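We name chains A, B, ... by the order of the sequence lines, and we start the count at 1 in each one.
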Number of protein chains: 2
Amino acid sequence: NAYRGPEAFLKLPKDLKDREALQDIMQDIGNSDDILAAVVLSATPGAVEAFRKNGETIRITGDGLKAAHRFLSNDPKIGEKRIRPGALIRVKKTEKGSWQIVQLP
Amino acid sequence: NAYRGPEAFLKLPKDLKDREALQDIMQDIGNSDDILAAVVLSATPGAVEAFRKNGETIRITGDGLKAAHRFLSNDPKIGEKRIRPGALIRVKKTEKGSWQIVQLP
């Protein structure tokens, strides 16, 4: 319960607005951050609706579905490995605000 | 890094708008989706600025510092656990929109 203190300490650059340097010192840590679990409610090649842990239902379309294309196309080789209601997926929100289907590193 | 598809298929409730039932099927999945890594850029007892993996800088103040306050005081005898520049902390944004320093389970 009680706070135990930080897990680790990284060596900072002088410039605290140098995002590249800051990302570099963090390279090994936090690599699943912002990659969220969601369960698929509906799926077509044009839209996937999914429920995430915070209770919101998101809709993934367009660019957000690109990486997952083969799992939405009804390719016979994929068969019922395809995205379908109940599928557990991972999602991430882009800086432009749309959700995308991704996977854990 | 080609997309590998859904990792599992879950049983859904009959009512796909029952948010509690949907929460219940994810009860053992994504449990610290809302807790993020951040590296501390500056720290005083009243304010911590930290940098997230997504490249955003966040500011934690007031109630957000309460859990961790014994590690933020100007007391060198806290030891190597003291929050200071470069500390790797874990953070969560509250329902009200404010960041807080937390710990992973």
>> Looking at every heavy atom in both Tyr3(B) and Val102(A), which two are closest together, and how far apart are they?
In response: CE1-O, 3.5 Å
>> What part of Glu80(A) gets within 4.5 angstrom of chain B, counting heavy atoms only: side chain, backbone, both, or neither?
In response: backbone
> Which answer fits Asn1(B), side chain, backbone, both or neither, if we ask what part of it has an atom under 4.5 Å from a heavy atom of chain A?
Replying inline: backbone
>> Contact between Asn54(B) and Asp33(A) at the side-chain level, heavy atoms closer than 4.5 Å - yes or no?
In response: no
> By a 4.5 Å heavy-atom criterion (distance strictly below it), what part of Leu88(A) contacts chain B: side chain, backbone, both, or neither?
Replying inline: both
> Does a side-chain N-to-carboxylate-O contact under 4.0 Å join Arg52(B) and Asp34(A)?
Replying inline: yes
>> Less than 4.5 Å apart, side chain to side chain, heavy atoms only: is that true for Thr57(A) and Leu22(B)?
In response: no
>> Taking side chain as everything from C-beta outward and backbone as N, CA, C, O, which of these in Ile78(A) sits under 4.5 Å from a heavy atom of chain B? Side chain, backbone, both or neither.
In response: neither
> For chain B, which of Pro105(A), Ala67(A), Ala38(A), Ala37(A) has the most heavy-atom pairs under 4.5 Å?
Replying inline: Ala37(A)
>> Counting neighbours of NZ on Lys93(A) that are heavy atoms of other residues, nucleotides or ligands and sit closer than 6.0 Å, is the number greater than 12?
In response: no
> Among the clusters formed by ILVMFWY side chains lying less than 4.5 Å apart, do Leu10(A) and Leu41(B) turn up in the same one?
Replying inline: yes
>> Using heavy-atom distances under 4.5 Å, tell me whether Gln27(B) contacts chain A through its side chain, its backbone, both, or neither.
In response: backbone
> Can you name the closest pair of heavy atoms from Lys81(B) and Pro6(A) and give their distance?
Replying inline: O-CD, 3.1 Å
> Which distance, rounded to the nearest 0.5 Å, do you find between the NZ of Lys17(A) and the CZ of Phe51(B)?
Replying inline: 12.0 Å
> Same hydrophobic cluster for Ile58(A) and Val48(A), using side-chain heavy-atom links shorter than 4.5 Å among ILVMFWY?
Replying inline: yes
>> Taking every non-hydrogen pair under 4.5 Å, which of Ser32(A), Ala2(A), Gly30(A) racks up the most with chain B?
In response: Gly30(A)
> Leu36(A) and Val40(A): same hydrophobic cluster, using ILVMFWY side-chain contacts below 4.5 Å?
Replying inline: yes
> Which pair of non-hydrogen atoms, one from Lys53(A) and one from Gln23(B), has the smallest distance, and what is that distance?
Replying inline: O-NE2, 2.7 Å
> Can you say whether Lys11(A) sits under 4.5 Å from chain B via the side chain, the backbone, both, or neither, judging by heavy atoms?
Replying inline: neither
>> With a 4.5 angstrom heavy-atom cut-off, is it the side chain or the backbone of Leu12(B) that approaches chain A, or both, or neither?
In response: side chain
>> Using a 4.5 angstrom heavy-atom cutoff, name the option from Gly86(A), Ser42(A), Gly5(A) with the most pairs to chain B.
In response: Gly86(A)
> Of the listed residues (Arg70(A), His69(A), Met26(A)), which shares the most heavy-atom pairs with chain B below a 4.5 Å separation?
Replying inline: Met26(A)
> What option among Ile101(A), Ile25(A), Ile29(A) has the most heavy-atom pairs under 4.5 Å with chain B?
Replying inline: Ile29(A)
>> Out of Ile83(A), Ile89(A), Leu104(A), return the one with the most heavy atom pairs under 4.5 angstrom to chain B.
In response: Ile83(A)
> Between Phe71(A) and chain B, which part of the residue has a heavy atom less than 4.5 Å away: side chain, backbone, both or neither?
Replying inline: side chain
> When clusters are formed by joining ILVMFWY residues with side-chain heavy atoms under 4.5 Å apart, either directly or through shared neighbours, do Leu16(A) and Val39(B) land in the same one?
Replying inline: yes
